[PDB]
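J.: below: the sequence, then the experimentally determined structure.
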Amino acid sequence: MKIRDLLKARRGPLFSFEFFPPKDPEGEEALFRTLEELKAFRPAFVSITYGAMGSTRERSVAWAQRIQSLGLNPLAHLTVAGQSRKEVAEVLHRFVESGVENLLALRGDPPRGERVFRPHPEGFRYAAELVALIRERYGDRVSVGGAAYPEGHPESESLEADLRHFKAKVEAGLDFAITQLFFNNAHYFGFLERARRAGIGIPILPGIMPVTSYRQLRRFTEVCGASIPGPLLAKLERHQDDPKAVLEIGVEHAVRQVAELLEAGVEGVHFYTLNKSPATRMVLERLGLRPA
Ligand SMILES: Cc1cc2nc3c(=O)[nH]c(=O)nc-3n(C[C@H](O)[C@H](O)[C@H](O)COP(=O)(O)OP(=O)(O)OC[C@H]3O[C@@H](n4cnc5c(N)ncnc54)[C@H](O)[C@@H]3O)c2cc1C
């Protein structure tokens, strides 16, 4: 069930989505419904977001195990921020020990209120270090993915540096990568070519977040450094007080993006659902897919 193999032997573009482990029963109940609805569209793998600095690691392990019994293939996210190397290696072992064959090796953001990353006094500093750890201890027993930034990571000194660091991370042992969310496909195609030019040949999957609220869009882009197309921005701002109009605008925009990506031959599309199914399901259905 390694993503590396799923990509190579695919019969068409892979559908995947991400969810985060809830912090309450109401959250769990809502997530279960979301998993049920999206599972009907046959996801190749399902990402499990890793709480900031390991704050909810036990929950990640719990869900990595739980979705397998639901017939889903887990891509367990794992960061090195705010945790000792030992703590990281431990949770990593719990994932593998639980049947997880796919890991998304990440660094994690700085603590809240801090713009410059600082590692745990006894932890890793770069995602590449975790990729190396995973390979050194498990080899090709698991498939590893990493984050890519079409518009550059906020902390990178320059785009050239951002790309060099990504290549280094790939060289550490990545089978694939998933990009930060983007709203204009040009950002993605441009990054893809910059990558190929730099000698990177691994599959780089586009990460897409269909918008369901104006605030959501503004806040997510402000934090991740992604940009908003002027036309989309104007439309969402004008209809922000209308939940239905906003959902329609966001879904249509995502449909347009995804339709072109699929025609361009991407190997798959990764959806950021924020534990909600409506937007993603509407995009898939408007693209012509129907529940199994
Ligand atoms: C698909 C995806 C999934 C994500 N999932 C999660 C999640 O589950 N939990 C979570 O907390 N966050 C998650 N994030 C956010 C991510 O952790 C933050 O963007 C974080 O700030 C960077 O993580 P990274 O793995 O990209 O780091 P890195 O690749 O390590 O990059 C961090 C910074 O260090 C620089 N750098 C890298 N190597 C070097 C070097 N050798 N020398 C100098 N500088 C270097 C980079 O250019 C960059 O600016 C996700 C992001 C994406 C795109």
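T.: Thanks, I have it. Residues are numbered from 1 along each chain as shown.
J.: for residue 288, grab phi and psi.
T.: Main-chain torsions, residue 288, degrees, to the nearest 10: phi 110, psi -10.
J.: adjust the sequence numbering to begin at 10 for everything that follows.
T.: Sure, I'll start numbering at 10, so the last one becomes residue 297.
J.: from the ligand, how far off is it?
T.: Between residue 297 and the ligand the computed distance is 26 Å (CB to the nearest ligand atom, to the nearest Å). To be clear about C-beta, it is placed using only N, CA and C from the backbone, and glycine gets the same treatment.
J.: ok, and the closest non-adjacent residue to residue 292?
T.: The shortest distance from residue 292 to any residue other than its chain neighbours is 4.8 Å, reached at residue 263 (CB to CB, 6 or more residues apart in numbering).
J.: tell me the contacts of the one you found?
T.: When contacts are counted by CB atoms under 8 Å, 6 or more residues apart in numbering, residue 263 is found next to 217-220, 288, 292.
J.: same thing but 10 Å
T.: Shown in contact with residue 263 (CB atoms under 10 Å, 6 or more residues apart in numbering): 192, 217-220, 278, 280, 288-289, 291-293, 295-296.
J.: same thing with residue 276?
T.: By CB under 10 Å, 6+ apart, the contact list for residue 276 reads 15-17, 19, 21-23, 53, 185, 212-215.
J.: now do residue 141
T.: 114, 133, 135, 178, 180-182.
J.: just residue 257 next, same as before
T.: Taking CB under 10 Å, 6+ apart as the definition, contacts of residue 257 comprise 248, 251, 291.
J.: which of the residues you listed are buried?
T.: 248, 291 (16 or more other CB atoms under 10 Å).
J.: circling back to that earlier point, among the contacts of residue 141, which two are most distant?
T.: Farthest pair in the contacts of residue 141 (CB to CB) is 133 and 180. Separation: 16.6 Å.
J.: give me the more crowded residue out of these two.
T.: Neighbours around residue 133 and residue 180, counted as other CB atoms under 10 Å, are more numerous at residue 133. The numbers are 23 against 13.
J.: give me every residue that touches the more buried one.
T.: Taking CB under 10 Å, 6+ apart as the contact definition, residue 133 lies against 88-90, 92-94, 97-98, 114, 116-117, 139, 141-142.
J.: I'd assumed residue 164 was in contact with residue 234.
T.: Yes. With contact taken as CB atoms under 10 Å, residue 234 and residue 164 are classed as touching, separated by 9.3 Å.
J.: quick one: whichever helix or strand residue 169 is part of to chain centroid distance?
T.: Under the assignment given by DSSP states H and E, the secondary-structure element containing residue 169 is helix 168-180. Centre-to-centre, helix 168-180 and its host chain are 18 Å apart (CA atoms, centre = their mean, to the nearest Å).
J.: CA atoms only: put whichever helix or strand comes after that helix into CSV for me.
T.: Once the chain leaves helix 168-180, the next helix or strand it forms, by DSSP H and E, is strand 185-190. As requested, the backbone C-alpha atoms of strand 185-190 are provided in CSV (Å, rounded to 0.1, in the frame of the first residue of the first chain):
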residue,chain,number,x,y,z
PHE,A,185,7.0,12.1,-3.6
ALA,A,186,5.9,15.5,-2.4
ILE,A,187,2.6,17.4,-1.9
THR,A,188,2.5,21.1,-2.4
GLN,A,189,1.2,23.9,-0.1
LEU,A,190,-2.2,25.1,-1.3
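J.: next SSE after strand 185-190?
T.: Heading C-terminal from strand 185-190, the first helix or strand you meet, by DSSP H and E, is helix 194-206.
J.: buried set for the strand or helix carrying residue 99?
T.: Under the criterion of DSSP H and E, residue 99 resides in helix 94-106. Across helix 94-106, burial judged by 16+ other CB under 10 Å covers 94, 96-97, 100-101, 103-105.
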